[PDB]
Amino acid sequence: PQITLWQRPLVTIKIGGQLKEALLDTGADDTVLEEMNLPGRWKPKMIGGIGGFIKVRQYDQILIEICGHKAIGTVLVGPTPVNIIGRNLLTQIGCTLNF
C-alpha cells in the first residue's frame, strides 16, 4: 500500500506464532525486536544507535510475515524500545521511498 508519514509507519507482523506491531524504518540497516520467545540458536552482536549501543541476540533464517508478506532473514532481538523492521527485510517486501 502507500503509507504517508503524518503518523508513525506501523504495521502488524507475525513472528514465532506471535502477533506484534513494528515500525517500518528506512534508517535502520537491521531488523530489531524487543525481547521475545524465539526458538533456537543465536549469536551475540552489538548495534549502535542514537544514545549508545545495545547487545542483541542474532537469529538467522527467521520467517516473518510483515503486513501479510512473508520474508525470511536475520532478526536481532534485544532491549529496543520499539520493534523495528529495517532495510534487510524492507527490500524483501519490495518497499520503496518515493517523493
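Each residue number is its position in the shown sequence, starting from 1.
Set 37 to 45 against 65 to 73 and average the Cα temperature factors; 37 to 45 ends up higher. Higher mean CA B-factor, judged across 23 to 31 and 46 to 54 from the recorded values: 46 to 54. Residues shown: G17, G86, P9, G78. Highest C-alpha temperature factor in the entry: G78.
Ranked by Cα temperature factor within the chain, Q2 sits in the highest third according to the deposited record.
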